[PDB]
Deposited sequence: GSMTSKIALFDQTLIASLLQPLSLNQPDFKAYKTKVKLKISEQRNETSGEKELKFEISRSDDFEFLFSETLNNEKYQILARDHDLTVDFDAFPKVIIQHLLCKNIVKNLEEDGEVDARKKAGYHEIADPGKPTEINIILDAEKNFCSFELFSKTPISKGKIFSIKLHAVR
């Protein structure tokens, strides 16, 4: 209804997940993931929300999302030294960061062992470091 699609593309990501519940060492594969970013109105509050959703054909159980409002975003900005405001955030990553990964920015997705959660991480490599920009914890939709 109020939902507005800002971004809907297939990107190459590295997918990591522990070998098992007891073995936290990751196995890692390059994989294609569909990322959708939209804005919507919270039904109870009327406030603006940013929704992130990932899926991939490889695994029907692979359905994750998170919704950020202004306050959730402030926490994110604080934790990652983000320099843009809530309203600018999606526009800048879409226009300056994500377009590069569509089927140098890198995307990592890290799964829970039980696949209840995944961390959606964006990177911009430096000559001496990984250059992690932020990570958002997404939860299983299913």
So which bits of the deposited sequence did not make it into the model? 1-3, 107-131
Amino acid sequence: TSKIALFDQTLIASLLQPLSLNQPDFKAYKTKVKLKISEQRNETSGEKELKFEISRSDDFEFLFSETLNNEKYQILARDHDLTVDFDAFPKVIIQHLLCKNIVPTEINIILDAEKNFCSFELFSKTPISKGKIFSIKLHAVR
From here on, numbers count along this sequence of modelled residues.
Output the stretch having the higher mean C-alpha B factor in the entry; the candidates are 94-102 and 28-36. 94-102
Comparing 120-128 with 19-27, the higher average Cα temperature factor in the PDB entry belongs to 19-27
Just the C-alpha B-factor column, please: which of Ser55, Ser45, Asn69, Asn108 has the biggest number? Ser45
Going by the recorded CA B-factors, say which third of the chain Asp81 sits in, lowest, middle or highest. lowest
Which third, lowest, middle or highest, does the C-alpha temperature factor of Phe64 belong to within its own chain? lowest
Record-listed C-alpha B factor of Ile136: chain third: middle
Tell me, lowest, middle or highest third: where does the Cα B factor of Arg41 rank within its chain? middle
Based on the deposited C-alpha B factors for this chain, I'd like to know if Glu49 is in the lowest, middle or highest third. lowest
